[PDB]
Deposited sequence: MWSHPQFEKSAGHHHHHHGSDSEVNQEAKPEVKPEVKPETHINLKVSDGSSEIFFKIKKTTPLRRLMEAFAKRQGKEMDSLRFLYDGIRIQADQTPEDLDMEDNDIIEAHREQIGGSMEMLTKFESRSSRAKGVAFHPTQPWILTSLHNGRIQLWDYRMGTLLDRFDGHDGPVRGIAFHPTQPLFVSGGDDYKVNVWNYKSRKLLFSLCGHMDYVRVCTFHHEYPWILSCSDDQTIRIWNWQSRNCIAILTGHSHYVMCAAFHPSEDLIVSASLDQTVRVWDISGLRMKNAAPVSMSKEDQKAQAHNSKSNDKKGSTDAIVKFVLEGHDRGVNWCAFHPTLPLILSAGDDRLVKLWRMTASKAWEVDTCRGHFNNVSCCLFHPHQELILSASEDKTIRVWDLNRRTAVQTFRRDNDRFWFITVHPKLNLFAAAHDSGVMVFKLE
């Protein structure tokens, strides 16, 4: 068993995305009502509000080193903001349906976004130009993520697949004499809502409308399903690897956050809320510190 040591809670209308700042004690929270909040979870206070979307904002992420954050909305825009000047700097337009996720790359000057329009887009945020459109999924792309150390992207789609994309050819598109799908991971019998890379091991987690969390393993030449976490009783909204313990975390519309053993895939702990479905979970890049977005706001907690 484990305990949840709550460090901060916001009370709001439904929250969709959360992003930890890497060095300041801040979270961004993007809300179903279109507002983005910036909270200090050390003081427990609201620092700023950012209103630049119409309708839900599902994507939200900080740049790792620049004073920027990116948001992605059901109004199809990918907005880039400066949190020091408190200005919306520009909109990146191109998606033709809801944006589900947006993140910054850790080294290249890139934003990743994915959309119900079935595409993944890569944008150069310095030049403000779309530099790639990754096509292949045949339904909403619910999640996309950069690999932390290799030129890979993993994506999850309501077409029931998880895709791994080789973007090495994209980085070298103009090298002297594009992205391509490397793996199509099939197994879920319903749409896939989320996917995640392990920070150091060649592992992938996915979670879906089949109420399952699946663990996959890859090499440079093959990828395969390893095992399944069973126990959620509604759609699984999100999943991640604990960066510092051999544990899997998932969050679900069944109103629970579940902790699972990475090696056995057995239940370790279940946390429940009485009235709130969970939509998203994230972990701080450094700290044993997690955030979860739900129907009534956001919780920031340690797991002990």
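- Message: From the N-terminus onward, what segments of the deposited sequence lack any C-alpha atom in this model?
- Response: Those parts of the chain that were deposited but carry no coordinates are 1 to 116, 294 to 317.
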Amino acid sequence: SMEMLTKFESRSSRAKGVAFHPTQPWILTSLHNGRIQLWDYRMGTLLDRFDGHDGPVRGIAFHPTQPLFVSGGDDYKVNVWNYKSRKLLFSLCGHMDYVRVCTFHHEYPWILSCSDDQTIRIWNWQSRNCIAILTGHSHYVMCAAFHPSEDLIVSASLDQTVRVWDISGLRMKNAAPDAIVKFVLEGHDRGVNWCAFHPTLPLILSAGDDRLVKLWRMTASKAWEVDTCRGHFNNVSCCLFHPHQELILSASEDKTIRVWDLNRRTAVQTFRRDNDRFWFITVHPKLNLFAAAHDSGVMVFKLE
From here on, numbers count along this sequence of modelled residues.
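- According to the deposited model, is the average Cα temperature factor higher in 228 to 236 or in 168 to 176? The recorded data point to 168 to 176.
- What stretch has the higher average Cα B-factor here, 60 to 68 or 261 to 269? Stretch with the greater average CA B-factor: 261 to 269.
- Largest Cα B-factor, entry values, listed residues 214, 182, 105, 77: Among 214, 182, 105, 77, the highest C-alpha B-factor in the entry belongs to 182.
- Task: Specify which of 192, 196, 201, 153 carries the largest Cα B factor in the deposited PDB entry.
- Result: Largest recorded C-alpha B-factor: 201.
- According to the PDB entry, is the CA B factor of residue 98 in the bottom, middle or top third of its chain, that is, lowest, middle or highest? Its C-alpha B-factor, which the entry lists for residue 98, ranks in the lowest third among residues of this chain.
- Query: Taking the C-alpha B-factors as the PDB entry records them, is residue 140 in the lowest, middle or highest third of its chain?
  - Reply: As the PDB entry reports it, the C-alpha B-factor of residue 140 lands in the middle third of its chain.
- Of the three thirds of its chain by CA temperature factor, lowest, middle or highest, which one includes residue 245? For residue 245, the deposited C-alpha B-factor lands in the highest third.
- Task: Could you say whether, by C-alpha temperature factor, residue 121 belongs to the lowest, middle or highest third of its chain?
- Result: Tercile = lowest for this residue's CA B-factor.
- Taking the C-alpha B-factors as the PDB entry records them, is residue 220 in the lowest, middle or highest third of its chain? For residue 220, the deposited C-alpha B-factor lands in the highest third.
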